[PDB]
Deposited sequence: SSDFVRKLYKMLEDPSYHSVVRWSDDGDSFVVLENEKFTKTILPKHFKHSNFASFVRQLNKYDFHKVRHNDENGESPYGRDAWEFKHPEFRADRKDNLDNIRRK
């Protein structure tokens, strides 16, 4: 899955650690500081700089938001998207 690969690789990079990273556990990820993520990182990895479209893709492939870390921190979770479970990436789709 193209999206999941790009998502994982985005999280594989410590350059972004401050604004996008894995949750301490490693079973969810956090996006925080929408200024720099939306305007700088989204367009690096994707074809837009629009957070709502990033969110849509996450719901499209069966991520859910978690109901923190920073102030404007968004946390999403898929049961099969984890820091160590790197093989399960084509095992996530819709």
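Exercise for the section: Could you please spell out the deposited residue ranges that have no C-alpha entry in the coordinates? Expected result: Going by the record, the segments left unmodelled (no C-alpha atoms) fall at 1, 69 to 76, 104.
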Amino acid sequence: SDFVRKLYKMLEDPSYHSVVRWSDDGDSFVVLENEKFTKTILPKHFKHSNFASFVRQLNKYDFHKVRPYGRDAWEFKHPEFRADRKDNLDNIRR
From here on, numbers count along this sequence of modelled residues.
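Problem - Entry-level comparison of average CA B-factors, 24 to 32 and 56 to 64, reporting the higher stretch - result: It is 24 to 32.
Handout entry: Greater mean Cα temperature factor according to the PDB record, 1 to 9 or 84 to 92
Key = 84 to 92 has the higher mean C-alpha B-factor.
Practice task
Rank-wise, by C-alpha B-factor, drop residue 44 into the lowest, middle or highest third of its chain.
Solution key: As the PDB entry reports it, the C-alpha B-factor of residue 44 lands in the highest third of its chain.
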